[PDB]
Amino acid sequence: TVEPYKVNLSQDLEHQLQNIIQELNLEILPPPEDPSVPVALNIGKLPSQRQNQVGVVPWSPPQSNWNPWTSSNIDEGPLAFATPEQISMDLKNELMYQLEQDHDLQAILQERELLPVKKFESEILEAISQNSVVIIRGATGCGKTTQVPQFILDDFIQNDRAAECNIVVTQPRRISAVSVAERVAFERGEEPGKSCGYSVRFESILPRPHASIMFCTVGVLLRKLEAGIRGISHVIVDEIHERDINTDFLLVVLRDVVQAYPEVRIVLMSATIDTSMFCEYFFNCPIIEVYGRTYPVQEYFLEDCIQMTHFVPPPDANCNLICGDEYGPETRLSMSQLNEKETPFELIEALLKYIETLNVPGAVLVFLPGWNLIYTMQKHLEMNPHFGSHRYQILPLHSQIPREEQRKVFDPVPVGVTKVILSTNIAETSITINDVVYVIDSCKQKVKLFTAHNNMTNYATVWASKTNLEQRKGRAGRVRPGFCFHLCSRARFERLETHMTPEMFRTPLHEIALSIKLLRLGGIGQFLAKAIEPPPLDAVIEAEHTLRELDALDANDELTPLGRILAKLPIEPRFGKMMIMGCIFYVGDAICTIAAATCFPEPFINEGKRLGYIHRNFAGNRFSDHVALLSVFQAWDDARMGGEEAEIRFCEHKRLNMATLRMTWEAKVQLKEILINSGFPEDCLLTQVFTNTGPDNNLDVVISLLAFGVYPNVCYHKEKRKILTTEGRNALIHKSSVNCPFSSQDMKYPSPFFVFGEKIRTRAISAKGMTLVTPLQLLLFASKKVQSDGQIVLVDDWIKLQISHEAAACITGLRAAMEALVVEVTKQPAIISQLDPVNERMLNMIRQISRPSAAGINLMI
Ligand SMILES: Nc1ncnc2c1ncn2[C@@H]1O[C@H](COP(=O)(O)OP(=O)(O)O)[C@@H](O)[C@H]1O
Ligand SMILES: CCn1nc(C(=O)Nc2cccc(NS(C)(=O)=O)c2)cc1C
Ligand SMILES: [Mg+2]
């Protein structure tokens with residue numbers, strides 16, 4: 001229930017808009033006969049592709065003249081025209097001397113031989129040599145991840161077959177691929193570069209071309225499969241029990257490879273779960289069990305956690321209201337006062353003080369869901385002097401901090417000092433800490449539930465499974481009889497699911513859909529039906545629909561020249577098309593910069609409620625987080641000119657996370673590299689200088705293209721922090737955003753329209769990373785449906801605009817004209833440098849309506 005926002009654009013512009021759509025051969029659809037029935041201004045996009053069938057990804061064993069990682073030959077170098085025998089012998093002789101000379105490596109080998117998996121080495125190597133596929137089931141902390149790959153390599157080194165061994169290991173997470181590669185490197189007295197290289201998204205330290213272990217993510221591997229798995233002996237799919245969507249999709253591919261090429265060796269590695277599902281899938285492959293030192297863990301629940309602490313809190317069916325009558329009268333009362341949706345931060349402090357009163361030295365492992373709640377818990381404790389450097393050592397563990405800090409969890413602490421690890425679900429199965437005796441469990445999980453109908457990326461904190469709680473408890477009993485503190489009532493444990501819902505059921509498939517087509521694996525639905533647990537129908541339909549809109553797929557659901565580029569780009573297909581459109585407007589670098597910076601957390605550091613002057617000053621008068629992001633990036637790139645220390649002193653002074661800006665940059669260069677290879681010229685991807693205050697037409701175009709990329713994320717500002725969503729529901733501007741004002745203040749915007757990055761609903765709807773746009777930019781790129789009565793126009797059944805019917809039908813025309821050019825450009829990206837004279841004015845007219853002045857707006861007020 002809002003007024004129609006008027007648009008005071010010049011008559012000069014209206015002529016120019018009408019002039020070009022006439023030249024483009026696009027008639028304006030006339031006003032309706034009566035205003036009660038509106039007519040849509042939406043123009044349908046302006047070929048018969050051959051039907052695909054069943055096809056398996058090809059395989060070939062390791063060679064002596066082939067580098068499997070670079071996927072090319074070895075003409076130059078010492079291992080160029082070497083014999084398989086010369087190599088295998090040299091690689092052994094190299095290892096023989098290293099094991100005798102280095103005494104600090106002998107000390108490391110002596111630790112490797114104590115790990116439970118060691119005694120099974122004989123069985124594992126035998127199982128793999130005989131059977132194509134094998135499952136290596138076993139408890140977390142036995143060393144199946146770190147050792148099994150080495151055993152397989154050493155078995156080929158020591159037996160003089162080292163030239164016939166190249167191992168691929170597929171970790172589900174990003175940090176796990178690096179962490180393990182850096183660990184397995186140290187365990188051979190080397191650095192990653194030599195024998196144990198890695199390759200994650202926008203970061204890779206490739207191994208040597210023979211007798212090597214590549215620790216990559218599944219997504220990285222799938223993108224490099226265009227050719228096929230050429231020059232690889234073993235494929236170790238690690239942490240299958242996590243049920244990562246890409247892991248599940250990979251197992252569908254590998255099953256086809258085992259069937260057609262039974263010489264290859266797959267090695268699935270699972271935790272203590274029901275592996276019968278995977279076993280059956282891979283033709284009842286052997287399940288090599290792995291066990292060792294275990295300890296009985298005395299697990300407690302919220303009833304017991306208030307019983308032995310005498311705790312009292314501050315001022316579906318709620319399970320805290322239920323309580324055993326056997327438990328104390330006050331215990332039952334204290335618990336019922338506590339909310340279930342918020343994790344009890346005060347109770348955790350009381351449990352750390354109970355651990356003290358036992359007088360049994362050991363480290364504490366606190367399982368929280370998000371960094372937001374880990375950063376919360378860390379503050380709470382360090383505010384209390386009792387938890388000081390002399391007495392306590394608190395260490396945060398999540399996949400978004402320096403690897404230096406992630407390694408400090410393993411470092412033994414001074415005697416008397418307690419080590420409390422505020423970790424995520426990373427320390428559940430993927431990695432094991434050795435010092436842990438006591439374990440506190442929130443019994444919560446941070447899952448990315450994406451609904452398509454309203455584009456809601458809800459990071460909901462939902463309850464964990466019985467399998468989660470069972471394996472979180474397991475971490476306690478590795479050193480001694482530990483204690484596990486579950487922060488959920490004995491009633492709530494009953495109303496938990498046996499297992500978690502696999503990602504395959506509750507994730508979008510449009511990224512996997514492209515991969516299927518790119519790898520020529522046939523039909524999207526046809527393939528995904530063969531998955532160990534196929535995805536829901538509606539998710540496949542959604543994915544297929546989502547891709548046909550982008551023109552990534554045709555009517556026959558075959559890969560278009562456009563879609564092929566999107567499949568080769570490791571980003572959201574929509575942000576992939578945005579980048580291509582950037583290359584046409586010669587702002588490709590600026591757009592690549594933005595696209596990249598969505599793969600890492602905002603480089604801005606939090607220092608209170610809202611950002612200070614220094615952080616806001618990057619935003620300028622554009623009222624855009626994305627322009628602030630380019631502004632810091634431009635200012636940071638100039639701070640690198642004066643060497644490495646000048647870079648750090650800038651980052652320090654400006655309160656920026658240097659680690660991010662470098663990873664964001666390295667990503668941008670790789671995004672550029674793929675567009676170049678796809679055909680796009682160098683001249684449209686040059687680091688063009690701009691200003692975030694003065695009139696800049698190139699920056700106007702970047703905000704326009706940005707509106708395209710984030711759609712359907714767009715909102716209307718009413719007052720203060722309150723904004724209206726697409727569905728017509730109220731929402732809050734994120735406290736992080738520059739457009740967020742000070743507590744109870746009036747921010748005066750020259751336009752109420754804002755496209756944004758993430759739509760989050762933790763409690764209420766919060767719009768993060770926002771960018772101001774004009775009514776013209778809204779109609780052009782940030783809207784699909786546009787109806788008109790003659791005076792008013794309706795944009796996706798919300799936001800009414802009192803604007804000329806013609807101008808609206810012209811702007812909606814430019815979109816369809818632009819859409820058509822994207823198709824023509826993707827057939828041959830070279831044509832960007834010499835576009836049609838008619839099409840060069842079409843882009844100039846988009847550049848025109850992109851300007852603030854085009855909607856009668858002046859930012860310098
Ligand atoms: N970075 C590391 N620092 C110290 N110990 C480590 C590290 N990585 C692994 N370990 C040790 O290796 C053993 C288990 O290794 P891992 O391969 O992660 O086990 P699994 O995959 O079977 O759970 C444990 O003793 C653990 O402490
Ligand atoms: C070209 C340099 N480069 N290489 C990689 C990479 O990770 N390659 C890789 C990964 C896993 C397996 C294989 N081999 S395969 C497909 O199974 O044949 C190859 C990343 C970068 C930048
Ligand atoms: Mg593991």
# chains A, B, ... in the order shown; residues from 1 in each chain; ligands from 1
call {"tool": "select_by_dssp", "arguments": {"residues": "range 411-604 of chain A", "states": "helix (DSSP H, G or I)", "output": "PyMOL selection string"}}
result
chain A and resi 426-429+466-474+492-495+503-505+510-518+524-528+537-550+561-568+573-584+588-597
call {"tool": "residues_around", "arguments": {"residues": "residue 367 in chain A", "least_positions_apart": "5", "cutoff": "6 Å", "atoms": "only C-alpha atoms", "output": "PDB file with N, CA, C and O atoms, in the first residue's frame"}}
result
ATOM      1  N   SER A 423      34.522 -24.097  17.816  1.00  0.00           N
ATOM      2  CA  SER A 423      34.577 -24.684  16.451  1.00  0.00           C
ATOM      3  C   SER A 423      33.181 -24.738  15.824  1.00  0.00           C
ATOM      4  O   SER A 423      32.194 -24.461  16.532  1.00  0.00           O
ATOM      5  N   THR A 424      33.127 -25.089  14.535  1.00  0.00           N
ATOM      6  CA  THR A 424      31.893 -25.341  13.745  1.00  0.00           C
ATOM      7  C   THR A 424      31.762 -26.854  13.527  1.00  0.00           C
ATOM      8  O   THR A 424      32.416 -27.613  14.267  1.00  0.00           O
ATOM      9  N   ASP A 441      28.149 -29.205  23.264  1.00  0.00           N
ATOM     10  CA  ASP A 441      27.391 -29.371  21.995  1.00  0.00           C
ATOM     11  C   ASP A 441      26.114 -28.523  22.050  1.00  0.00           C
ATOM     12  O   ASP A 441      25.259 -28.802  22.913  1.00  0.00           O
ATOM     13  N   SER A 442      25.995 -27.540  21.150  1.00  0.00           N
ATOM     14  CA  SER A 442      24.785 -26.696  20.963  1.00  0.00           C
ATOM     15  C   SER A 442      23.649 -27.538  20.367  1.00  0.00           C
ATOM     16  O   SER A 442      22.479 -27.187  20.606  1.00  0.00           O
TER      17      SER A 442
END
call {"tool": "residues_around", "arguments": {"residues": "range 759-764 of chain A", "least_positions_apart": "3", "cutoff": "8 Å", "atoms": "only C-alpha atoms", "output": "ChimeraX atom specification"}}
result
/A:455-461,713,731-732,756,767-768
call {"tool": "select_by_dssp", "arguments": {"residues": "range 703-814 of chain A", "states": "strand (DSSP E)", "output": "PyMOL selection string"}}
result
chain A and resi 714-719+722-724+730-733+753-761+765-772+786-788+792-795+800-802
call {"tool": "write_last_selection", "arguments": {"atoms": "N, CA, C and O atoms", "output": "short mmCIF file (atom, residue, chain, number, x, y, z; two decimals), in the first residue's frame"}}
result
data_model
loop_
_atom_site.label_atom_id
_atom_site.label_comp_id
_atom_site.auth_asym_id
_atom_site.auth_seq_id
_atom_site.Cartn_x
_atom_site.Cartn_y
_atom_site.Cartn_z
N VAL A 714 15.67 -6.93 -4.93
CA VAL A 714 15.40 -5.47 -5.09
C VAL A 714 14.34 -5.06 -4.05
O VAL A 714 13.47 -5.90 -3.74
N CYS A 715 14.43 -3.84 -3.51
CA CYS A 715 13.58 -3.36 -2.39
C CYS A 715 13.29 -1.86 -2.50
O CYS A 715 13.99 -1.17 -3.27
N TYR A 716 12.28 -1.39 -1.76
CA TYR A 716 11.81 0.02 -1.68
C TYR A 716 11.96 0.50 -0.23
O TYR A 716 11.43 -0.17 0.68
N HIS A 717 12.65 1.63 -0.02
CA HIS A 717 12.85 2.27 1.30
C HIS A 717 11.66 3.17 1.64
O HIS A 717 11.34 4.05 0.82
N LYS A 718 11.03 2.94 2.80
CA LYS A 718 9.91 3.75 3.33
C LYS A 718 10.45 4.81 4.30
O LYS A 718 10.19 6.01 4.08
N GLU A 719 11.19 4.37 5.32
CA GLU A 719 11.71 5.24 6.42
C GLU A 719 12.73 4.47 7.26
O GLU A 719 12.57 3.24 7.41
N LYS A 722 13.60 0.42 7.70
CA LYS A 722 12.48 -0.41 7.18
C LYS A 722 12.41 -0.29 5.65
O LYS A 722 12.29 0.85 5.15
N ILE A 723 12.50 -1.43 4.95
CA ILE A 723 12.40 -1.54 3.46
C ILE A 723 11.39 -2.63 3.11
O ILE A 723 11.18 -3.54 3.95
N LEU A 724 10.79 -2.55 1.92
CA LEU A 724 9.76 -3.50 1.41
C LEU A 724 10.39 -4.45 0.38
O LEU A 724 11.10 -3.95 -0.51
N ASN A 730 7.72 -6.40 4.93
CA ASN A 730 8.69 -5.45 5.53
C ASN A 730 10.02 -6.18 5.80
O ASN A 730 9.98 -7.40 6.06
N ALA A 731 11.13 -5.44 5.72
CA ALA A 731 12.51 -5.95 5.91
C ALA A 731 13.40 -4.84 6.48
O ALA A 731 13.02 -3.66 6.37
N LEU A 732 14.54 -5.22 7.06
CA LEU A 732 15.52 -4.30 7.72
C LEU A 732 16.79 -4.21 6.87
O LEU A 732 17.20 -5.25 6.32
N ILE A 733 17.38 -3.02 6.77
CA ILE A 733 18.73 -2.79 6.15
C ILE A 733 19.79 -3.29 7.15
O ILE A 733 19.71 -2.89 8.33
N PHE A 753 14.92 3.01 -4.49
CA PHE A 753 15.12 1.67 -5.12
C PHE A 753 16.54 1.17 -4.85
O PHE A 753 17.50 1.92 -5.12
N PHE A 754 16.66 -0.06 -4.33
CA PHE A 754 17.92 -0.69 -3.88
C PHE A 754 17.94 -2.18 -4.25
O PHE A 754 17.15 -2.95 -3.67
N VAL A 755 18.82 -2.57 -5.18
CA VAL A 755 19.20 -3.99 -5.45
C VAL A 755 20.29 -4.38 -4.43
O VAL A 755 21.11 -3.50 -4.10
N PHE A 756 20.29 -5.63 -3.95
CA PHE A 756 21.17 -6.10 -2.85
C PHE A 756 21.65 -7.54 -3.12
O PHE A 756 21.12 -8.20 -4.03
N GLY A 757 22.62 -7.99 -2.31
CA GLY A 757 23.35 -9.26 -2.50
C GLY A 757 22.65 -10.45 -1.88
O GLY A 757 22.20 -11.33 -2.64
N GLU A 758 22.57 -10.50 -0.54
CA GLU A 758 22.02 -11.65 0.23
C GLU A 758 20.70 -11.26 0.90
O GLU A 758 20.67 -10.22 1.59
N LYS A 759 19.65 -12.07 0.70
CA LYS A 759 18.36 -11.98 1.43
C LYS A 759 18.37 -13.00 2.57
O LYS A 759 18.25 -14.21 2.29
N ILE A 760 18.54 -12.53 3.81
CA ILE A 760 18.71 -13.38 5.03
C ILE A 760 17.51 -13.18 5.96
O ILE A 760 17.04 -12.03 6.08
N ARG A 761 17.03 -14.27 6.58
CA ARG A 761 15.93 -14.25 7.59
C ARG A 761 16.31 -15.15 8.77
O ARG A 761 15.81 -16.29 8.84
N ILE A 765 13.59 -10.29 8.12
CA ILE A 765 14.24 -10.19 6.78
C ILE A 765 15.29 -9.06 6.84
O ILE A 765 14.91 -7.93 7.22
N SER A 766 16.54 -9.36 6.49
CA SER A 766 17.69 -8.41 6.48
C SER A 766 18.39 -8.44 5.11
O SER A 766 18.83 -9.53 4.70
N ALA A 767 18.48 -7.28 4.44
CA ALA A 767 19.10 -7.10 3.10
C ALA A 767 20.55 -6.62 3.26
O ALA A 767 20.74 -5.47 3.71
N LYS A 768 21.51 -7.47 2.89
CA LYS A 768 22.97 -7.23 3.05
C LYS A 768 23.57 -6.84 1.69
O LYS A 768 23.11 -7.37 0.66
N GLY A 769 24.57 -5.94 1.70
CA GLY A 769 25.29 -5.47 0.50
C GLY A 769 24.35 -4.84 -0.51
O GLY A 769 24.02 -5.52 -1.50
N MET A 770 23.94 -3.59 -0.27
CA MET A 770 22.89 -2.88 -1.05
C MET A 770 23.53 -1.85 -1.99
O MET A 770 24.63 -1.37 -1.67
N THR A 771 22.86 -1.54 -3.10
CA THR A 771 23.28 -0.54 -4.12
C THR A 771 22.07 0.22 -4.65
O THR A 771 21.17 -0.43 -5.23
N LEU A 772 22.05 1.54 -4.47
CA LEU A 772 21.02 2.47 -5.00
C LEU A 772 20.97 2.34 -6.53
O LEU A 772 22.05 2.23 -7.15
N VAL A 786 6.36 -6.29 -16.56
CA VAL A 786 6.09 -4.82 -16.62
C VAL A 786 4.77 -4.60 -17.36
O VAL A 786 4.78 -4.65 -18.61
N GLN A 787 3.68 -4.37 -16.62
CA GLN A 787 2.33 -4.07 -17.15
C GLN A 787 2.14 -2.55 -17.18
O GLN A 787 2.95 -1.85 -16.56
N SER A 788 1.11 -2.07 -17.89
CA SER A 788 0.80 -0.62 -18.06
C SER A 788 -0.69 -0.42 -18.35
O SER A 788 -1.26 -1.22 -19.12
N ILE A 792 0.18 4.75 -15.23
CA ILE A 792 0.88 3.93 -14.20
C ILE A 792 1.41 2.65 -14.87
O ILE A 792 0.77 2.19 -15.85
N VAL A 793 2.53 2.11 -14.38
CA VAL A 793 3.11 0.81 -14.81
C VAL A 793 3.38 -0.04 -13.56
O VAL A 793 3.82 0.53 -12.54
N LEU A 794 3.11 -1.35 -13.64
CA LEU A 794 3.25 -2.33 -12.52
C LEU A 794 4.44 -3.25 -12.81
O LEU A 794 4.43 -3.92 -13.86
N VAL A 795 5.41 -3.29 -11.89
CA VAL A 795 6.72 -3.99 -12.05
C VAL A 795 6.74 -5.23 -11.15
O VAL A 795 7.11 -5.10 -9.97
N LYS A 800 4.76 0.66 -8.11
CA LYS A 800 4.04 1.38 -9.20
C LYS A 800 4.83 2.64 -9.55
O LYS A 800 5.35 3.29 -8.62
N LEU A 801 4.94 2.95 -10.85
CA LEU A 801 5.71 4.11 -11.38
C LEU A 801 4.80 4.96 -12.28
O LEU A 801 4.32 4.43 -13.30
N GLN A 802 4.58 6.22 -11.90
CA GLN A 802 3.90 7.23 -12.76
C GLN A 802 4.93 7.73 -13.79
O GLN A 802 5.60 8.75 -13.52
#
call {"tool": "residues_around", "arguments": {"residues": "range 663-676 of chain A", "least_positions_apart": "3", "cutoff": "8 Å", "atoms": "only C-alpha atoms", "output": "PyMOL selection string"}}
result
chain A and resi 202-203+565+568-569+580+589+592-593+595-597+599-600+659-660+679-682+685
call {"tool": "write_last_selection", "arguments": {"atoms": "N, CA and C atoms", "output": "mmCIF file, in the first residue's frame"}}
result
data_model
loop_
_atom_site.group_PDB
_atom_site.id
_atom_site.type_symbol
_atom_site.label_atom_id
_atom_site.label_comp_id
_atom_site.auth_asym_id
_atom_site.auth_seq_id
_atom_site.Cartn_x
_atom_site.Cartn_y
_atom_site.Cartn_z
ATOM 1 N N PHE A 202 40.116 -20.836 -7.320
ATOM 2 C CA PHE A 202 40.941 -19.602 -7.450
ATOM 3 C C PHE A 202 42.232 -19.689 -6.621
ATOM 4 N N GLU A 203 42.760 -20.898 -6.395
ATOM 5 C CA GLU A 203 44.006 -21.128 -5.609
ATOM 6 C C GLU A 203 44.465 -22.577 -5.803
ATOM 7 N N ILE A 565 30.097 -21.076 -21.760
ATOM 8 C CA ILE A 565 30.951 -20.066 -21.064
ATOM 9 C C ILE A 565 30.586 -20.057 -19.574
ATOM 10 N N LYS A 568 31.940 -22.994 -17.671
ATOM 11 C CA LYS A 568 33.419 -22.903 -17.526
ATOM 12 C C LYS A 568 33.790 -21.870 -16.453
ATOM 13 N N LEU A 569 32.866 -20.969 -16.100
ATOM 14 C CA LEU A 569 33.060 -19.936 -15.044
ATOM 15 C C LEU A 569 32.627 -20.500 -13.693
ATOM 16 N N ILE A 580 29.829 -11.222 -18.952
ATOM 17 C CA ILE A 580 29.817 -11.190 -20.447
ATOM 18 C C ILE A 580 29.248 -9.843 -20.913
ATOM 19 N N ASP A 589 36.510 -5.733 -16.212
ATOM 20 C CA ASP A 589 37.388 -5.815 -15.014
ATOM 21 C C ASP A 589 36.569 -5.489 -13.761
ATOM 22 N N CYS A 592 34.068 -8.313 -13.123
ATOM 23 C CA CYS A 592 34.873 -9.481 -12.667
ATOM 24 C C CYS A 592 35.256 -9.293 -11.194
ATOM 25 N N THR A 593 35.681 -8.081 -10.818
ATOM 26 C CA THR A 593 36.051 -7.685 -9.429
ATOM 27 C C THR A 593 34.875 -7.966 -8.484
ATOM 28 N N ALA A 595 31.967 -9.852 -9.097
ATOM 29 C CA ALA A 595 31.628 -11.290 -9.214
ATOM 30 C C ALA A 595 32.525 -12.119 -8.285
ATOM 31 N N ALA A 596 33.829 -11.823 -8.271
ATOM 32 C CA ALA A 596 34.855 -12.517 -7.457
ATOM 33 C C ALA A 596 34.581 -12.282 -5.968
ATOM 34 N N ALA A 597 34.370 -11.023 -5.575
ATOM 35 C CA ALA A 597 34.263 -10.571 -4.167
ATOM 36 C C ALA A 597 33.006 -11.134 -3.488
ATOM 37 N N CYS A 599 32.545 -14.423 -3.519
ATOM 38 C CA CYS A 599 33.052 -15.784 -3.191
ATOM 39 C C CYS A 599 33.844 -15.764 -1.877
ATOM 40 N N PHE A 600 34.006 -14.583 -1.268
ATOM 41 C CA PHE A 600 34.756 -14.365 -0.003
ATOM 42 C C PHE A 600 33.962 -13.414 0.885
ATOM 43 N N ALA A 659 44.217 -10.585 3.653
ATOM 44 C CA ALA A 659 44.082 -11.996 3.214
ATOM 45 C C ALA A 659 42.997 -12.115 2.136
ATOM 46 N N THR A 660 41.851 -11.456 2.344
ATOM 47 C CA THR A 660 40.679 -11.453 1.424
ATOM 48 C C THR A 660 41.055 -10.774 0.104
ATOM 49 N N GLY A 679 37.175 -16.093 -25.997
ATOM 50 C CA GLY A 679 37.295 -15.275 -27.222
ATOM 51 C C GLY A 679 37.410 -13.788 -26.930
ATOM 52 N N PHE A 680 36.822 -13.326 -25.820
ATOM 53 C CA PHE A 680 36.679 -11.891 -25.450
ATOM 54 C C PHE A 680 38.046 -11.212 -25.509
ATOM 55 N N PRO A 681 38.149 -9.996 -26.095
ATOM 56 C CA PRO A 681 39.437 -9.318 -26.239
ATOM 57 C C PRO A 681 39.972 -8.751 -24.913
ATOM 58 N N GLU A 682 41.282 -8.490 -24.856
ATOM 59 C CA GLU A 682 42.013 -7.995 -23.656
ATOM 60 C C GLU A 682 41.550 -6.579 -23.289
ATOM 61 N N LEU A 685 38.810 -5.712 -20.700
ATOM 62 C CA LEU A 685 39.067 -6.266 -19.341
ATOM 63 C C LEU A 685 40.225 -5.514 -18.666
#
call {"tool": "residues_around", "arguments": {"residues": "range 499-502 of chain A", "least_positions_apart": "5", "cutoff": "8 Å", "atoms": "only C-alpha atoms", "output": "NGL selection string"}}
result
:A and (243-245 or 464-468)
call {"tool": "closest_atom_pairs", "arguments": {"of": "chain A", "to": "ligand 1", "cutoff": "8 Å", "atoms": "only C-alpha atoms and all ligand atoms", "output": "CSV"}}
result
residue,atom,partner,partner_atom_place_in_ligand_line,distance
A:115,CA,ligand 1,25 (O),6.4
A:117,CA,ligand 1,22 (O),7.8
A:138,CA,ligand 1,22 (O),7.1
A:139,CA,ligand 1,22 (O),6.6
A:140,CA,ligand 1,23 (O),3.6
A:141,CA,ligand 1,23 (O),3.8
A:142,CA,ligand 1,22 (O),4.1
A:143,CA,ligand 1,19 (O),3.4
A:144,CA,ligand 1,22 (O),3.9
A:145,CA,ligand 1,17 (O),3.6
A:146,CA,ligand 1,17 (O),3.7
A:147,CA,ligand 1,17 (O),6.3
A:179,CA,ligand 1,1 (N),6.6
A:180,CA,ligand 1,8 (N),6.5
A:182,CA,ligand 1,1 (N),7.8
A:183,CA,ligand 1,1 (N),5.2
A:239,CA,ligand 1,21 (O),7.7
A:271,CA,ligand 1,23 (O),7.7
A:407,CA,ligand 1,1 (N),6.0
A:410,CA,ligand 1,4 (C),5.1
A:411,CA,ligand 1,4 (C),7.8
A:429,CA,ligand 1,23 (O),6.0
A:430,CA,ligand 1,23 (O),5.9
A:431,CA,ligand 1,18 (O),4.5
A:432,CA,ligand 1,26 (C),5.0
A:433,CA,ligand 1,27 (O),5.0
A:434,CA,ligand 1,27 (O),4.7
call {"tool": "residues_near_ligand", "arguments": {"ligand": "ligand 2", "cutoff": "8 Å", "atoms": "only C-alpha atoms and all ligand atoms", "output": "CSV table (one decimal) with N, CA and C atoms, in the first residue's frame"}}
result
chain,number,residue,atom,x,y,z
A,68,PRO,N,49.4,-34.9,-15.4
A,68,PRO,CA,48.0,-35.0,-15.3
A,68,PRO,C,47.3,-33.7,-14.8
A,69,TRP,N,48.0,-32.9,-14.0
A,69,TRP,CA,47.5,-31.7,-13.3
A,69,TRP,C,47.4,-30.5,-14.3
A,70,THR,N,48.4,-30.3,-15.1
A,70,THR,CA,48.4,-29.3,-16.2
A,70,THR,C,47.7,-29.8,-17.4
A,71,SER,N,47.4,-31.1,-17.5
A,71,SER,CA,46.7,-31.8,-18.5
A,71,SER,C,47.4,-31.5,-19.9
A,168,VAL,N,44.2,-38.8,-7.1
A,168,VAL,CA,43.2,-37.6,-6.9
A,168,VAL,C,42.4,-37.9,-5.6
A,198,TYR,N,47.8,-29.2,-4.1
A,198,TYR,CA,46.3,-29.0,-3.9
A,198,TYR,C,45.8,-28.0,-5.1
A,199,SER,N,44.5,-28.0,-5.2
A,199,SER,CA,43.8,-27.1,-6.2
A,199,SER,C,42.3,-26.9,-5.8
A,200,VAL,N,42.1,-25.7,-5.1
A,200,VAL,CA,40.7,-25.3,-4.7
A,200,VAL,C,40.3,-24.2,-5.7
A,202,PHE,N,40.1,-20.8,-7.3
A,202,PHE,CA,40.9,-19.6,-7.5
A,202,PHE,C,42.2,-19.7,-6.6
A,203,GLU,N,42.8,-20.9,-6.4
A,203,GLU,CA,44.0,-21.1,-5.6
A,203,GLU,C,44.5,-22.6,-5.8
A,204,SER,N,45.7,-22.8,-6.3
A,204,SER,CA,46.3,-24.1,-6.6
A,204,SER,C,47.8,-24.1,-6.6
A,206,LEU,N,50.1,-26.8,-7.7
A,206,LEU,CA,50.1,-28.1,-8.4
A,206,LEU,C,51.3,-28.9,-7.9
A,214,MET,N,47.0,-35.2,-5.6
A,214,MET,CA,46.3,-33.9,-5.8
A,214,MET,C,45.1,-33.9,-4.9
A,215,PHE,N,45.1,-33.0,-3.8
A,215,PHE,CA,44.0,-32.7,-3.0
A,215,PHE,C,43.2,-31.5,-3.5
A,216,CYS,N,42.1,-31.8,-4.3
A,216,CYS,CA,41.3,-30.7,-4.9
A,216,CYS,C,39.8,-30.9,-4.4
A,220,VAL,N,36.1,-28.2,-8.6
A,220,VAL,CA,37.4,-27.9,-9.3
A,220,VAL,C,37.6,-29.1,-10.3
A,221,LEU,N,37.5,-30.3,-9.8
A,221,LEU,CA,37.7,-31.6,-10.6
A,221,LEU,C,36.7,-31.6,-11.7
A,222,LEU,N,35.4,-31.5,-11.4
A,222,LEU,CA,34.3,-31.6,-12.4
A,222,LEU,C,34.5,-30.6,-13.6
A,223,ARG,N,35.1,-29.4,-13.3
A,223,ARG,CA,35.3,-28.3,-14.3
A,223,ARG,C,36.5,-28.7,-15.2
A,224,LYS,N,37.4,-29.6,-14.7
A,224,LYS,CA,38.7,-30.0,-15.5
A,224,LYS,C,38.4,-31.4,-16.2
A,225,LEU,N,37.2,-31.9,-16.2
A,225,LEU,CA,36.8,-33.2,-16.7
A,225,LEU,C,36.4,-33.1,-18.2
A,226,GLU,N,36.3,-31.9,-18.8
A,226,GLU,CA,35.9,-31.7,-20.2
A,226,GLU,C,36.7,-32.7,-21.1
A,227,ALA,N,38.0,-32.8,-20.9
A,227,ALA,CA,38.9,-33.7,-21.6
A,227,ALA,C,38.6,-35.1,-21.0
A,228,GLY,N,38.7,-35.3,-19.7
A,228,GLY,CA,38.5,-36.6,-19.0
A,228,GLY,C,39.6,-36.8,-17.9
A,229,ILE,N,39.4,-37.9,-17.2
A,229,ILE,CA,40.4,-38.3,-16.1
A,229,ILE,C,41.6,-39.0,-16.8
A,230,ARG,N,42.5,-38.3,-17.4
A,230,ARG,CA,43.7,-38.8,-18.2
A,230,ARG,C,44.9,-38.7,-17.3
A,231,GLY,N,45.6,-39.8,-17.1
A,231,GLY,CA,46.9,-39.9,-16.4
A,231,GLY,C,46.7,-40.1,-14.8
A,232,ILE,N,45.7,-40.7,-14.4
A,232,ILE,CA,45.3,-40.9,-12.9
A,232,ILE,C,45.1,-42.4,-12.7
call {"tool": "closest_residue", "arguments": {"among": "A:37, A:250, A:426, A:26", "to": "ligand 3", "atoms": "only C-alpha atoms and all ligand atoms"}}
result
A:426
